[PDB]
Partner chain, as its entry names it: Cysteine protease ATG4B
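In structure tokens, one chain follows: the form deposited without its partner chain.
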């Protein structure tokens, strides 16, 4: 997986990536901040409509999925898999609220990569 280009986690200035959250923190406190982006080298799935997504702290990480699909507005033939922290969620038994505080970093922003491959590793 020899990476070449920086990651939204690295590239974007942490402090800047932390502040951006502040807003959502002072605006959407009852929401879990996440950063969904195309996998480094993703040519399948289209470029998400947005990068920032406000997930409800009253659902399961799964929802976010059913939510993404809507965004990507893919067909029942298209394959889409949101990788949380770079790892699929084959097992979604945790709330986006926890999955966040269980993954997200001090920054306070989740980082997930979506693509048409959940077993590319």
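Numbering follows the first chain given and starts at 1.
A second form of this protein, the form deposited with its partner chain bound, is not displayed here; the remarks below concern that form.
### Query
Counting only non-hydrogen atoms and a 4.5 angstroms cut-off, does residue 46 reach its partner chain in the deposited bound form?
Contact with its partner chain, no.
### Query
At the 4.5 Å heavy atom threshold, is residue 72 in contact with its partner chain in the deposited bound form?
Result no; residue 72 lies far from its partner chain in the deposited bound form.
### Query
Does residue 8 reach its partner chain in the deposited bound form, with heavy atoms at most 4.5 Å apart?
Output for residue 8 is no: heavy atoms all beyond 4.5 Å of its partner chain.
### Query
Even though its partner chain is not shown here, does residue 91 get within 4.5 Å of it in the deposited bound form, heavy atoms only?
Yes.
### Message
Pick out the residues of 98 to 121 whose heavy atoms come within 4.5 Å of its partner chain in the deposited bound form.
### Response
The stretch touches the partner through 113, 115, 116, 117, 118, 119, 120, 121.
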